[PDB]
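See structure below.
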Amino acid sequence: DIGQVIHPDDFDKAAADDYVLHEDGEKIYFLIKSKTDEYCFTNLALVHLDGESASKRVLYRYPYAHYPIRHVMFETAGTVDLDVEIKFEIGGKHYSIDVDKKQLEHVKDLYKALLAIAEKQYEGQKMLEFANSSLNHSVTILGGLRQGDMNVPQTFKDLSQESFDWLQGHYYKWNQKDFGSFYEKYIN
Amino acid sequence: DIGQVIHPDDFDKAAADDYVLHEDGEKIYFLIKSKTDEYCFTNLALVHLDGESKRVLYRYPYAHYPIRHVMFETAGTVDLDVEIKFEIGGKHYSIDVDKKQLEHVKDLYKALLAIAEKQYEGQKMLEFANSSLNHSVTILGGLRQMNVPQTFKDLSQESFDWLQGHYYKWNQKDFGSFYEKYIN
Amino acid sequence: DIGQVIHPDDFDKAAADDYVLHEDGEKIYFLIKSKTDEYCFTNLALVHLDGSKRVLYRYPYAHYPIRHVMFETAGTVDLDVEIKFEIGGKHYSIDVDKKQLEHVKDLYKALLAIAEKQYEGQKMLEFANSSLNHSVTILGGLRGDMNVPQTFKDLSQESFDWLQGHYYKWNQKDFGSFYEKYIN
Amino acid sequence: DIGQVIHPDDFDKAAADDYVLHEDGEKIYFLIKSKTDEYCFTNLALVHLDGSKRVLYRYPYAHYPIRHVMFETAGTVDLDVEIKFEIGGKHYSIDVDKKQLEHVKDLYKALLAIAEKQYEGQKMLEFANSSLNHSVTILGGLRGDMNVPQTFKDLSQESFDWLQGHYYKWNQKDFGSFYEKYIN
Numbered sequence: 014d015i016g017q018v019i020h021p022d023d024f025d026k027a028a029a030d031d032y033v034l035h036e037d038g039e040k041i042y043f044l045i046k047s048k049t050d051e052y053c054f055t056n057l058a059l060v061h062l063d064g065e066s067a070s071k072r073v074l075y076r077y078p079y080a081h082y083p084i085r086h087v088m089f090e091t092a093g094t095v096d097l098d099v100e101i102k103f104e105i106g107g108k109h110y111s112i113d114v115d116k117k118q119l120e121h122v123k124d125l126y127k128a129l130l131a132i133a134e135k136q137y138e139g140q141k142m143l144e145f146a147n148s149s150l151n152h153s154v155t156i157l158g159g160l161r162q163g164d165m166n167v168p169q170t171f172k173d174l175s176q177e178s179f180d181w182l183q184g185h186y187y188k189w190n191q192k193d194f195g196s197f198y199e200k201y202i203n
Numbered sequence: 014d015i016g017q018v019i020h021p022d023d024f025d026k027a028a029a030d031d032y033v034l035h036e037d038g039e040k041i042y043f044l045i046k047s048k049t050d051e052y053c054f055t056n057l058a059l060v061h062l063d064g065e070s071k072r073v074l075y076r077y078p079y080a081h082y083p084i085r086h087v088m089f090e091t092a093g094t095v096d097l098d099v100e101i102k103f104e105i106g107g108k109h110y111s112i113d114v115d116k117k118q119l120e121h122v123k124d125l126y127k128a129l130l131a132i133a134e135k136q137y138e139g140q141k142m143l144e145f146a147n148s149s150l151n152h153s154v155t156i157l158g159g160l161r162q165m166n167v168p169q170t171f172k173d174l175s176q177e178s179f180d181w182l183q184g185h186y187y188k189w190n191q192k193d194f195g196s197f198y199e200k201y202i203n
Numbered sequence: 014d015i016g017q018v019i020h021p022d023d024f025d026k027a028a029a030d031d032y033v034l035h036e037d038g039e040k041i042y043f044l045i046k047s048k049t050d051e052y053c054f055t056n057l058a059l060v061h062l063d064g070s071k072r073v074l075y076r077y078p079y080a081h082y083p084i085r086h087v088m089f090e091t092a093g094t095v096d097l098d099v100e101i102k103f104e105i106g107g108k109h110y111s112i113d114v115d116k117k118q119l120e121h122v123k124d125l126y127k128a129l130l131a132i133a134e135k136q137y138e139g140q141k142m143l144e145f146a147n148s149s150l151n152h153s154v155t156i157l158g159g160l161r163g164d165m166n167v168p169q170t171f172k173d174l175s176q177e178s179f180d181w182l183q184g185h186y187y188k189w190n191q192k193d194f195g196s197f198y199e200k201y202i203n
Numbered sequence: 014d015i016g017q018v019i020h021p022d023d024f025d026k027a028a029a030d031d032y033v034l035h036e037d038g039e040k041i042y043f044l045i046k047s048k049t050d051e052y053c054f055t056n057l058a059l060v061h062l063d064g070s071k072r073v074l075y076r077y078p079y080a081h082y083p084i085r086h087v088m089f090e091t092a093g094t095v096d097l098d099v100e101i102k103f104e105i106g107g108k109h110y111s112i113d114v115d116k117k118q119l120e121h122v123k124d125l126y127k128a129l130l131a132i133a134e135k136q137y138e139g140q141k142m143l144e145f146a147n148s149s150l151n152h153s154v155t156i157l158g159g160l161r163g164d165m166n167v168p169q170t171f172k173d174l175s176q177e178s179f180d181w182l183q184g185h186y187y188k189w190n191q192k193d194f195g196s197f198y199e200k201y202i203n
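Residue numbers (the entry's author numbering), protein chains in the order written: chain A, 14 to 67, 70 to 203; chain C, 14 to 65, 70 to 162, 165 to 203; chain B, 14 to 64, 70 to 161, 163 to 203; chain B', 14 to 64, 70 to 161, 163 to 203. A prime marks a further copy of an entry chain.
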């Protein structure tokens, strides 16, 4: 069904705004409203109110951090067509959204934003891999040591921590939660 | 059966309050009462009085029964109820609530969604904690010389403290603040 | 058969009191008497007189864990409430006069707390054992000046103290404070 | 469909310019427009508008290597020259007005240079990885006074910097200097 890009002034009037986690500073950067669906793109997630009837709505929430964006596509309108179509996959779920060709200028900005998000996520997955591999190379290099001047239990504690910090630091660095700056950059 | 979000002032009047562990500081943050069921969300657990007039009492502490797949469904023009769904442990819960009180059920949705996420992230951290302990065991395998029996005691203790401490940190028991953040 | 929660002052008048180990400071915290059975919950065990012969059973908590603690209320037409649990692997369902619900709900809370402590203890045992092994691995083949035979003795004592100490800590025998907390 | 090499001053008038990431300093170095398609070669990617709908494709060089760059001149009777290449695995053949041969030959040279740099980089990656391993092997099991946990951290950073650094060096993103060298 064909959708309308909503202006920022009318975000608070949208059904989707009730499900935005304003409490956690979640902010709406792009909203497309159709007769049957509402697609809300925030700094943290895609909030989607799915109408599977020609009036009840199923609420979905896909935080980017747990549901990566991939295969971002765009399709323009011909002379005879009334809509432009934007596509992507979030987690593994396929999204195809038809939008009033009048608002192409705006949908093209979303296309750019999503494309940039997908890439940052992709690159992050590559860095996680190196992060883990580096952890192993240390384990292998440092295997089989001597006591010398060593407090064994303290050293055992501290070593467990270093490993933890590295696995953790990298997990949160390369699975970033917030992509507001990406919408900020292209939605201007 | 269609339920009513109960007001805080009427929590001590509810059948579920008798099964809340007031002795351990358990506090009710959300209660939905229907003609057949009673669903009590405390800081520590879901307490469910289930009718199929007898009531079967279930208790699902969050620490041992993780919340997953938190869903919400709104009311159409013709419908009288909004539905909140989730899985606690493996059990599927679907609770119909008076559409009039949507403002409150949406807050529960947000709370549950936040708990589920915290628990998910904690599971991943446990994996890191365990994997890290192995990496030290490997790096420190086969040594030199040291007071062997004192070292043996102390080293066993570190391992224990590490395993235990992480177990309790990432399987947190209390989620009161999550309800407090979205309800109040 | 529908039972009656007995009052503390009438404990010494029950058939079950003859089988409580007063000599070891065993104290009755809850007794349900029916026309056929007698269920006696002490700090150390469930003593059950099963029936006009009676077969005596004793299930010390330390050797028979309590699990799957449930509760079931009465309907308008029912005269009883039912408390259920498994002790060791044995299934118990005990019908009690709905008039005494306030008391049976307390037993429910206590047994629930007992069961959880036992479960958590079984996890701690696992960490305790796993830690022992991690020191064995780290301390594997060493070197260094040392009184080998004394160190061998002392080392064997440490391992014994660890294994033993944790065995007694996480298979605790006495749960009197649990009953005390919820029956009080 | 026979295309036209567009002049730099008319780049901002092409449909493709709307999809260039000016915000990240992406600059168009070569644009061929046909009645159905639009091929836009930037420092970072091939942007292709495929056709009155147009499907937008973007193939950043860093994720889609250019290979098998070919060229085909016009015969007396032909109106076009054809430039071919594979990007990722996708086959591209682009017919262009034989009048503009002088320009398409420059694109040919640039794409040829891009493709070679990418190939050579894939060999360097292989050496970079193989070298990492040779240090792991040489540095396998050591001894010596040492702050084990700091050394473990620092060591893990080095490996990360090596893996990362080489990843970015040999999968370079920007090939603007290549176009600049042959279109100038």
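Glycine residues also receive a C-beta, built at the ideal position from the N, C-alpha and C atoms.
Check, Outcome
"Cβ-based burial, C/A58 [other Cβ within 10 Å; buried from 16]", "buried"
"Pairwise C-alpha distance: C/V122 and C/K116", "9 Å"
"Extent of the continuous alpha helix (DSSP H) run through B'/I156", "119-157"
"Backbone CA spacing between B'/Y42 and B'/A80 [nearest angstrom]", "17 Å"
"Rounded Cβ spacing between B/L150 and C/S175 (contact assumed at less than 8 Å)", "6 Å"
"Contact the stretch 122-142 of chain C vs the stretch 25-34 of chain A: 3+ CB pairs below 8 Å", "yes"
"Three-state secondary structure (DSSP) of B/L182", "helix"
"Proximity winner among B/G38, B/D22, B/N56, B/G16, relative to B/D193 (alpha-carbon distances)", "B/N56"
"Member of B'/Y52, B'/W189, B'/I112, B'/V87 whose CA lies at the smallest distance from the CA of B'/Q140", "B'/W189"
"Listed by chain order, chain C residues near A/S47 by CB distance under 7 Å", "The contacting residues do not exist; A/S47 stays about 16 Å from chain C at best."
"Start and end residues, alpha helix (DSSP H) containing C/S111", "No alpha helix (DSSP H) contains C/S111, which is instead part of the beta strand (DSSP E) from 108-115."
"Delimiting residues of the beta strand (DSSP E) encompassing B'/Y52", "51-55"
"Within-7 Å CB hit, C/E51 to chain B", "no"
"Extent of the continuous beta strand (DSSP E) to which B'/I105 belongs", "98-105"
"Host beta strand (DSSP E) of A/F24 (start-end)", "A/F24 -> no beta strand (DSSP E), and no H or E assigned at all."
"Cβ shell of B'/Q17 (< 6 Å), same chain only, five flanking positions each side left out", "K46, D115"
"Same chain, Cβ closer than 8 Å to B/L44, five either side skipped, listed in chain order", "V18, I19, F24, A27, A29, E51, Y52, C53, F54"
"Cβ contact (3+ pairs, closer than 8 Å) linking the stretch 75-93 of chain A and the stretch 154-166 of chain A", "no"
"Where C/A92 falls: helix, strand or coil (DSSP)", "coil"
"Residue range of the alpha helix (DSSP H) that includes B/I41", "It is not in any alpha helix (DSSP H) - B/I41 instead sits in the beta strand (DSSP E) that spans 41-46."
"Expected contact under 8 Å - CB spacing of B/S111 and C/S178 to nearest Å", "Between C/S178 and B/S111 the Cβ distance is about 42 Å, and since that is not below 8 Å, they are no contact."
"Extent of the continuous beta strand (DSSP E) run through A/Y77", "73-78"
"Start-to-end residues for the beta strand (DSSP E) that takes in B/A58", "58-63"
"Residue range of the unbroken alpha helix (DSSP H) whose run includes C/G195", "195-201"
"According to DSSP, residues forming a beta bridge with B/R85", "B/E104"
"B/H61 versus B/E36 - alpha carbon distance", "19 Å"
"Backbone secondary structure at B/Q169 - three-state DSSP", "helix"
"Contacts around B/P21, its chain only, beta-carbon distance under 6 Å, and the 5 residues preceding and following it disregarded", "none"
"B/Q17 in three-state terms, based on DSSP", "strand"
"CB contact below 7 Å: C/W181 versus chain A", "yes"
"Interface partners of C/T155 on chain A, CB under 7 Å", "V154, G158"
"Simplified DSSP state of B'/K192, which is helix, strand or coil", "coil"
"Min CB distance B'/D14 to chain A below 7 Å", "no"
"Neighbour flag for C/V73 against chain B, beta carbons, 7 Å", "yes"
"Cβ-Cβ distance between B'/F89 and B'/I101 below 7 Å", "yes"
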